[PDB]
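Only one chain is shown below, in structure tokens, and it's the form deposited in one PDB entry.
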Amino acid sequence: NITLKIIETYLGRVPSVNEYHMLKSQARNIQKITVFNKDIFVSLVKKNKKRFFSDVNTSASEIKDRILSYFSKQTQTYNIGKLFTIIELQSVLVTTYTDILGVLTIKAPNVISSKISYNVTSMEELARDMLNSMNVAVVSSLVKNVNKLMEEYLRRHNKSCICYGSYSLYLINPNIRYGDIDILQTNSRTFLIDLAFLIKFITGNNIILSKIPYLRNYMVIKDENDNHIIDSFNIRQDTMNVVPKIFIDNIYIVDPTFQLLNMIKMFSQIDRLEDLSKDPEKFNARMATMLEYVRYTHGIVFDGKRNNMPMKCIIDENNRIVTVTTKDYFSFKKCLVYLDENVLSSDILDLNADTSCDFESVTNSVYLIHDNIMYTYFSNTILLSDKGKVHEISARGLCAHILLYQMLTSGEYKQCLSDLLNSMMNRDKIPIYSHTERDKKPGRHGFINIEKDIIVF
């Protein structure tokens, strides 16, 4: 049997009755593995070694040695389950390595980038101001090497991997210190699994690809000692296409207009007001840069004008929701914001008319317009300035949340954003009376181990 001959080739032995029964369906993938040119491969691994890990003690043999051993470990393995892992991880390598890390050994054009420079200084005080009104609360060594690879990877994979956070803003204002590079991928696992191998192969130290459940399609690779190396959120091509983007020197970054919106929501989360009191300046720069981007780019002027923002955020201290009229900025009456995700899908079918949007970890909630009304979920602590009263800070995070939807759908948001940004100037420090808790979410903390062959979910 052609199939039997394939299994036999791969396992380098006569397949047991069980080994045949359990591996049949995988002849297709198994064959591709056998045929894989391990030489051209061993090449790419070394073209990446002297390219991003040039700082390591290793012969172009020690590497090919580890590589060839791995592509043969299916011989010294009899545990069905463990064979499944080897096949699974080998396939990923065979069918994706070249297209993902291999593309990082073909020099790109020396684009004479231009970039724009921002006077994120006139705004340095304006930011410090807003931030004060609110301050009212209470890692492996490979990371350098890996962040270095992402610098390039972002450049070689613009359509599948975009950027945000520190580094994304360091690309607008070079003085922004930056560490880990926040990314979104449509192929998070594929990427992490490939990079995970690259490292084990070079380094020799097994790493673990782990999946965190609280988070929407979150994944991260650590080392034997539980030290963070690099993470990433996965999104659909669906969602990727709708995310606000900007194109700086060969990479896409979430539109800073959008990131600013998110950072206003993040300020509701009590853990953040806590990060703020530690080092208030830490945020100054970021905020500033984002204030200046939106000013210069959309002609936003900080007049500290009127009110009309923040609008009304009526909260059910018990049924835990937050009706908020939007009669003003959008063609939909108000917005009901559920504090419990489960309770959203529960009550979201009692409407039937289903034409909702799921923006995964990008909005970290789902949005549904119905009856000229909006149903969405807020995933942070709601703050209260007084019993039964939403605190300006949450009030604003609530507005920004709704605006995130607007940006991903192309609706009007420029005027509202400005009112929102100015509602933040010159405002008396209000006390956090008390706050709610984020809703618990059990799940499967599973993880791919690079050498012991076990796949936990």
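In this text, the rigid core denotes the largest set of C-alpha atoms whose superposition between the two forms falls within 1.5 Å. Only residues modelled in both forms are compared. All residue numbers refer to positions in the sequence shown, first residue = 1.
Checked against the other entries of this protein, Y167 counts as resolved in every one of those spanning it, not missing from a third of them.
Of the other entries compared for this protein that flank it with modelled residues, all give atoms for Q237, so not even a third lack it. Per the record, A353 and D354 are directly connected, as no deposited residue between them is missing from the model. For the pair 427 to 435 and 23 to 31, the mean Cα B-factor is higher in 427 to 435. The question of which stretch, 227 to 235 or 69 to 77, has the higher mean Cα B factor is settled in favour of 69 to 77.
Comparing C-alpha B-factors across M287, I348, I246, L184 in the deposited entry, the largest value falls on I348.
The residue among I393, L421, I40, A400 whose C-alpha carries the highest B-factor in the deposited model is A400.
Ranked against the other modelled residues of its chain, the C-alpha B-factor of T58 as given in the entry falls in the highest third. In the deposited entry, the Cα temperature factor of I86 places it in the lowest third of its chain's modelled residues. In the PDB entry, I321 places in the highest third of its chain by CA B-factor. Ranked by Cα temperature factor within the chain, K305 sits in the highest third according to the deposited record. Placement of the Cα temperature factor of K265 within the chain: lowest third of the modelled residues, per the deposited record.
The form deposited with a partner chain bound exists for this protein as well; it is not shown, and the discussion that follows is about that form.
At a distance threshold of 4.5 angstroms between non-hydrogen atoms, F84 is in contact with its partner chain in the bound PDB entry. Among residues of the shown chain, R189 is one whose heavy atoms approach its partner chain to within 4.5 Å in the bound PDB entry. Residue contact check for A353: one or more of its heavy atoms lie within 4.5 Å of its partner chain in the bound PDB entry. Residue contact check for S345: one or more of its heavy atoms lie within 4.5 Å of its partner chain in the bound PDB entry. Checked against its partner chain in the bound PDB entry, the residues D358, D328, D386, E281 give one hit for a heavy atom within 4.5 Å, which is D358.
The contact residue chosen from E88, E317, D99, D271 relative to its partner chain in the bound PDB entry is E88, the criterion being a non-hydrogen atom within 4.5 angstroms. With its partner chain left out of view, the stretch that reaches within 4.5 Å of it through heavy atoms in the bound PDB entry is, among 44 to 52, 403 to 411, 24 to 32, 389 to 397, 24 to 32. Superposing the two forms on their core leaves just one of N48, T58, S418, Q406 with a Cα displacement of at least 2 Å between this form and the one not shown, namely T58. Taking the core as reference, several blocks of three or more adjacent residues between this form and the one not shown have all their Cα positions offset by 2 Å or more: 56 to 62, 353 to 355.
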